[PDB]
Amino acid sequence: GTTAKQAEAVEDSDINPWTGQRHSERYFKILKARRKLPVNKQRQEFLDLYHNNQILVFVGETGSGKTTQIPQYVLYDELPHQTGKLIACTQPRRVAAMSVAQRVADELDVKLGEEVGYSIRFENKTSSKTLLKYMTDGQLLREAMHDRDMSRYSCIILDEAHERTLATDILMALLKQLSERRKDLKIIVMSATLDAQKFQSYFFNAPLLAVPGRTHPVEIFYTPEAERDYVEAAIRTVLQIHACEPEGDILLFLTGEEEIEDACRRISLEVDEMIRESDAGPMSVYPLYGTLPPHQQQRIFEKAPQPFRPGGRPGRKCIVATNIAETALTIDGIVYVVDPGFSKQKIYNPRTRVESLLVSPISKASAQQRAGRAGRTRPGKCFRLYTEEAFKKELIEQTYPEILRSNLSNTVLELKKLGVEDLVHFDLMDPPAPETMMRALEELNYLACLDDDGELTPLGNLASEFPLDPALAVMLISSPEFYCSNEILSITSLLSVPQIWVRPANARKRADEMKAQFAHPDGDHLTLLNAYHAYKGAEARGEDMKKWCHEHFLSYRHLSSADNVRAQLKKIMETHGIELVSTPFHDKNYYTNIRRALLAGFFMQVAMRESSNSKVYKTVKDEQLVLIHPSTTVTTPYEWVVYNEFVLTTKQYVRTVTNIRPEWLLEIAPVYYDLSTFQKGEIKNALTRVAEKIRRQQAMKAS
Ligand SMILES: Nc1ncnc2c1ncn2[C@@H]1O[C@H](COP(=O)(O)OP(=O)(O)O)[C@@H](O)[C@H]1O
Ligand code: BEF
Ligand SMILES: [Cl-]
Ligand SMILES: [Cl-]
Ligand SMILES: [Cl-]
Ligand SMILES: [Cl-]
Ligand SMILES: [Cl-]
Ligand SMILES: [Mg+2]
């Protein structure tokens, strides 16, 4: 219908065709620079491929013009169809969606929020005029829960699709299904660091449009030898650039909040020393991480300070960021990128069902994306703080997908809320193994989160609101029925983080002496509760909690994580009308209530002692032979125990163990422990004798 040549004549017009206003002089200066971008040379090739194909794979270099120009090309092409629909472009980070939408609003000569806008979690900067909306992929996924056919959008552009986050992979699977349902919906998948053929084959052998060329080069520099202290090498590199290199701002990639703020303190102190001793320029230092407020995140676009004198050494800006700034951003003024090659990446412990963060080496794709923050408006340089051979042989090509590094049972419940019926045949790009998916569906059905037809129950919908492994969420939801919901709230939070115990090899006797203060002989779960209670009591006394945790050989990081999780879980209970209850401590049933309440989440992790004096236990699930882990505080374990973690070393253990009574299993999980259909064996015979001894006693007193 409309060619690239026809659209360019409308772009050259004195009048804005979207608003009716006169085009500003800033618009024409930007348009002049935009047409020199590498993607503009293949605009008609894009439009021809967009007309004749439903799904398109787009590859071009960092800064070539993918995120800014391609949605504007679609916008000029899509308007005469009069659909009243929107164009969606998903960014990985909130700061990318806000920054790009402001830039494209300037490029279209419109006001941000009116014709170009953004939509993030707590801010919908859109209106009825909005035709192009940049957003996070999590925001589009939240919209798909209420609108499964994506009815507000005519084109959905999945940007930075190489990242393979949980939201990106799920969006790609939903949009692949929707493309067979909705032929009036276009899909564009783009990145600079993409496995193009893998993405093409996944999207029904979609065509590839590859744009070559760069606006400006990025020179890559490697170190001649490996260096362990990457923070020290990062700070040294930043100061060496400020002392010797010409004008240009620095972007430094670090891994977390505490590491960044400490490095920002160290860089500023050394800069203050270089100023008074060497006539160096001023350098402003900006931190950037996800927990920063957005107005303080936006400060990274501020101009570098002026030099101290005419002809003096240049003033400079140093941004110290996580991988929140790894992709999409155009920070004008940046010339230098420092890449230590590390990031906090999510791992999943399958034995504890705990997601946590681990400082890990980055992928080759991530290193190319970090370098691509330079070379956008001027030439750039990237200092990789690792050898060239380490780049070529030690870094993986792409980071492993998040769905294979996450709690799959949490993912299944979210997919049910998104309307996925068949989980076994849900076509993800890199699906989990069918045994792993069937294991998650089996556990969720036994936990009554999915019914026997696979459909979501009200308990499973409520459990999915909690940022927890679903067995922990079921235990928390069920805890008012055991009159100990305040203590289960604490235990659930502690079980959602890694273990708090710190036992260094040179001070293991002192660590055991501190642990014995919290030891409860009837359960490791109560020992965990005592340690958190002592942590909160010392915090209420105004004590240095980093010092307190160090002197008590506890992890301040995991304890403060659990305390922060406990506040989040307490809001969700109060929101959904779930009472916060405690039994008085001197009540005779105080501890038995908490040990009973554990079985509402963990009735499938139960072991029975084999003989009268044996140390060997047999698990209810899969009949494994185990010992009680020697780190337990349970000095005399009962015949029946509940456990948190299966441990496979040179011996097989169950860790985090609490004494239970076997009649509690029949009371709390009677469907799972239905003896009329239970698996035959020594475990069933023992539970049969327990049920018979209950029946013998109730028939006696009734007579
Ligand atoms: N905020 C901005 N300020 C100045 N120039 C910008 C800005 N955003 C984008 N540009 C220019 O437009 C180019 C293309 O940016 P963008 O479309 O985001 O690229 P891509 O997504 O392909 O990496 C940049 O390399 C730069 O030259
Ligand atoms: F590929 Be670009 F840097 F978003
Ligand atoms: Cl974000
Ligand atoms: Cl968001
Ligand atoms: Cl001074
Ligand atoms: Cl972050
Ligand atoms: Cl009950
Ligand atoms: Mg982009």
### Message
Going residue by residue through the stretch 175-183, is there one that turns out to be polar (S, T, N, Q), under 27 Å from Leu49 (Cα atoms), away from ligand 4 (no atom under 14 Å from the Cβ) and free of Cβ contacts under 8 Å to residues at least 12 places away in the same chain?
### Response
no
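Do we find that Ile156 is closer than 30 Å to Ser24 by Cα, within 23 Å of the chain's Cα centre (by Cα) and β-branched (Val, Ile, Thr) in this structure?
Numbers: closer than 30 Å to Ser24 by Cα: yes; within 23 Å of the chain's Cα centre (by Cα): yes; β-branched (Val, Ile, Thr): yes.
So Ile156 fits the description; yes.
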**Asked** Taking the condition surrounded by 15 or more Cβ atoms within 10 Å (Cβ to Cβ) and of a type in the set (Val, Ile, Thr), does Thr19 pass?
**Response** yes
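Give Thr62, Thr67, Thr3 a once-over and let me know the one that is away from ligand 8 (no atom under 16 Å from the Cβ) and among the β-branched types (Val, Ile, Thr).
Numbers: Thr62 fails: away from ligand 8 (no atom under 16 Å from the Cβ); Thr67 fails: away from ligand 8 (no atom under 16 Å from the Cβ).
Being away from ligand 8 (no atom under 16 Å from the Cβ) and among the β-branched types (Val, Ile, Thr) holds for just one of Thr62, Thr67, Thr3, which is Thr3.
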Note on the stretch 39-67: residues β-branched (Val, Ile, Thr) and either in a loop (DSSP other than H, G, I, E, B) or within 16 Å of ligand 5 (Cβ to nearest atom) (or both) are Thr62
For the stretch 683-701, pairs from a residue that is touching a residue at least 60 places away in the same chain (Cβ under 8 Å) and surrounded by 12 or more Cβ atoms within 10 Å (Cβ to Cβ) to a residue that is of a type in the set (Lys, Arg) and not in a helix (DSSP H, G or I), with Cβ under 7 Å and 6 or more apart or across chains, are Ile683/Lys618
Taking the stretch 262-293 and the residues there that are of a type in the set (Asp, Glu) and under 14 Å from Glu232 (Cα atoms), the one that is surrounded by the most Cβ atoms within 10 Å (Cβ to Cβ) would be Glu270
Selection from the stretch 256-289 of residues free of Cβ contacts under 8 Å to residues at least 60 places away in the same chain, more than 13 Å from ligand 5 (Cβ to nearest atom) and in a loop (DSSP other than H, G, I, E, B) yields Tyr289
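For the stretch 89-114, which positions are closer than 22 Å to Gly20 by Cα and either out of contact with any helix residue (DSSP H, G or I) (no Cβ under 7 Å at 6 or more places or on another chain) or within 14 Å of ligand 4 (Cβ to nearest atom) (or both)? Working first, answer last.
Going residue by residue through the stretch 89-114, those that are closer than 22 Å to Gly20 by Cα are 101-114.
Answer for the stretch 89-114, where residues must be closer than 22 Å to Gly20 by Cα and either out of contact with any helix residue (DSSP H, G or I) (no Cβ under 7 Å at 6 or more places or on another chain) or within 14 Å of ligand 4 (Cβ to nearest atom) (or both): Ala101, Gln102, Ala105, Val110, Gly113, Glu114.
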Looking across the stretch 327-350 at residues that are touching a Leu at 6+ places or on another chain (Cβ under 8 Å) and charged (D, E, K, R), the single one that is surrounded by the most Cβ atoms within 10 Å (Cβ to Cβ) is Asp339
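Take residues that are touching a helix residue (DSSP H, G or I) at 6+ places or on another chain (Cβ under 6 Å) and closer than 24 Å to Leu447 by Cβ and tell me which of the strands (runs of 3 or more DSSP E) falling wholly in the stretch 601-696 contain 1 or more. Walk me through how you get there before you give the answer.
Details: elements: 606-609, 616-619, 625-628, 640-648, 652-660.
Output list reads 606-609, 640-648, 652-660.
Scan the stretch 102-121 residue by residue and report those that are over 27 Å from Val420 (Cβ atoms) and either of a type in the set (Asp, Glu) or within 13 Å of ligand 3 (Cβ to nearest atom) (or both).
Of all residues in the stretch 102-121, those over 27 Å from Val420 (Cβ atoms) come to 102-118.
Correct list: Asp106, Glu107, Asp109, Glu114, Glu115, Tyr118.
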Condition set in a loop (DSSP other than H, G, I, E, B) and of a type in the set (D, E, K, R), scope the stretch 166-221, selection nearest to ligand 2 (Cβ to nearest atom): answer is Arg214
Here the qualifying pairs (Cβ atoms under 7 Å; residues six or more apart or on different chains; first in the stretch 364-375 and within 12 Å of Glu61 (Cα to Cα); second acidic (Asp, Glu) and crowded, with 23+ Cβ neighbours inside 10 Å) come out as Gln369/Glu326; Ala371/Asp339
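For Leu357, are the conditions met, namely being within 27 Å of the chain's Cα centre (by Cα) and either more than 30 Å from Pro467 (Cβ to Cβ) or assigned to a loop (DSSP other than H, G, I, E, B) (or both)? Talk me through it step by step, then tell me what you get.
Numbers: within 27 Å of the chain's Cα centre (by Cα): yes; either more than 30 Å from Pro467 (Cβ to Cβ) or assigned to a loop (DSSP other than H, G, I, E, B) (or both): no.
No: the conditions fail for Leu357.
Among the residues in the stretch 234-251, are any part of a loop (DSSP other than H, G, I, E, B), touching a residue at least 40 places away in the same chain (Cβ under 8 Å), away from ligand 7 (no atom under 16 Å from the Cβ) and in contact with a helix residue (DSSP H, G or I) (Cβ under 6 Å, 6 or more places away or on another chain)?
So the first thing to find is which residues in the stretch 234-251 are part of a loop (DSSP other than H, G, I, E, B), and the list is 245-248.
Pick out the ones that are also touching a residue at least 40 places away in the same chain (Cβ under 8 Å) and you get 245-248.
The next check asks that each one be away from ligand 7 (no atom under 16 Å from the Cβ); those that pass are 245-248.
Now narrow it down to the ones that are in contact with a helix residue (DSSP H, G or I) (Cβ under 6 Å, 6 or more places away or on another chain): none.
For the stretch 234-251, residues part of a loop (DSSP other than H, G, I, E, B), touching a residue at least 40 places away in the same chain (Cβ under 8 Å), away from ligand 7 (no atom under 16 Å from the Cβ) and in contact with a helix residue (DSSP H, G or I) (Cβ under 6 Å, 6 or more places away or on another chain): absent.
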**Report entry** Test for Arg655: is it crowded, with 18+ Cβ neighbours inside 10 Å, over 16 Å from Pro521 (Cβ atoms) and of a type outside the set (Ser, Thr, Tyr)
**Finding:** yes
Taking the stretch 194-241 and keeping only residues that are exposed (fewer than 12 other Cβ atoms within 10 Å of the Cβ) and within 29 Å of the chain's Cα centre (by Cα), one is left with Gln197, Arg228, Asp229
So is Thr291 more than 16 Å from ligand 1 (Cβ to nearest atom) and either closer than 30 Å to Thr656 by Cβ or charged (D, E, K, R) (or both) or not? yes
Of the residues in the stretch 120-149, those that are in a strand (DSSP E or B), more than 19 Å from the chain's Cα centre (by Cα) and not charged (D, E, K, R) number 3
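Take the conditions loosely packed, with under 15 Cβ neighbours inside 10 Å, in a loop (DSSP other than H, G, I, E, B) and in contact (Cβ under 8 Å) with a residue 24 or more places away in the chain and apply them to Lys36. Does it pass?
Numbers: loosely packed, with under 15 Cβ neighbours inside 10 Å: yes; in a loop (DSSP other than H, G, I, E, B): yes; in contact (Cβ under 8 Å) with a residue 24 or more places away in the chain: yes.
Answer is yes for this residue.
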Selection from the stretch 81-118 of residues touching a residue at least 24 places away in the same chain (Cβ under 8 Å) and assigned to a strand (DSSP E or B) yields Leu86, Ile87, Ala88, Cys89, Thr90, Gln91
For the stretch 381-402 the number of residues that are among the acidic types (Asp, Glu) and assigned to a loop (DSSP other than H, G, I, E, B) is 2
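Given the condition touching a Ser or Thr at 6+ places or on another chain (Cβ under 6 Å), of a type outside the set (D, E, K, R) and closer than 21 Å to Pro431 by Cα, answer yes or no: does some residue in the stretch 147-160 qualify?
Residues of the stretch 147-160 touching a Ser or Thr at 6+ places or on another chain (Cβ under 6 Å): 154, 158-160.
Now drop any that are not of a type outside the set (D, E, K, R), which leaves 154, 158.
Going one step further and asking which of them are closer than 21 Å to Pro431 by Cα, we end up with 158.
Checked the stretch 147-160: at least one residue is touching a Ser or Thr at 6+ places or on another chain (Cβ under 6 Å), of a type outside the set (D, E, K, R) and closer than 21 Å to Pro431 by Cα.
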Of the residues that make up the stretch 588-598, is at least one buried (at least 18 other Cβ atoms within 10 Å of the Cβ) and assigned to a strand (DSSP E or B)? no
Of the residues in the stretch 650-677, those that are touching a strand residue (DSSP E or B) at 6+ places or on another chain (Cβ under 8 Å) and under 25 Å from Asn530 (Cβ atoms) come to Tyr653, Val654, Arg655, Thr656, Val657, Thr658, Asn659, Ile660, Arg661
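Report, by residue number, each residue of the stretch 294-311 that is within 16 Å of ligand 1 (Cβ to nearest atom), exposed (fewer than 13 other Cβ atoms within 10 Å of the Cβ) and of a type outside the set (D, E, K, R). Outline the logic, then answer.
Here is the first cut: in the stretch 294-311, the ones within 16 Å of ligand 1 (Cβ to nearest atom) are 297-304.
After this cut, where a residue has to be exposed (fewer than 13 other Cβ atoms within 10 Å of the Cβ) as well, the list is 302-303.
Result: no residue meets the conditions.
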Reported set for the stretch 156-183 where residues are within 16 Å of ligand 6 (Cβ to nearest atom) and of a type in the set (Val, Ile, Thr) is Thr165
For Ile120, the lone unmet condition from (1) within 22 Å of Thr83 (Cα to Cα); (2) within 16 Å of ligand 6 (Cβ to nearest atom) is (1)
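Just so you know, all these numbers are worked out from the coordinates, no wet-lab data involved. In this analysis, Cβ positions are derived from the backbone assuming ideal geometry, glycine residues included, and neighbour counts consider all displayed protein chains.
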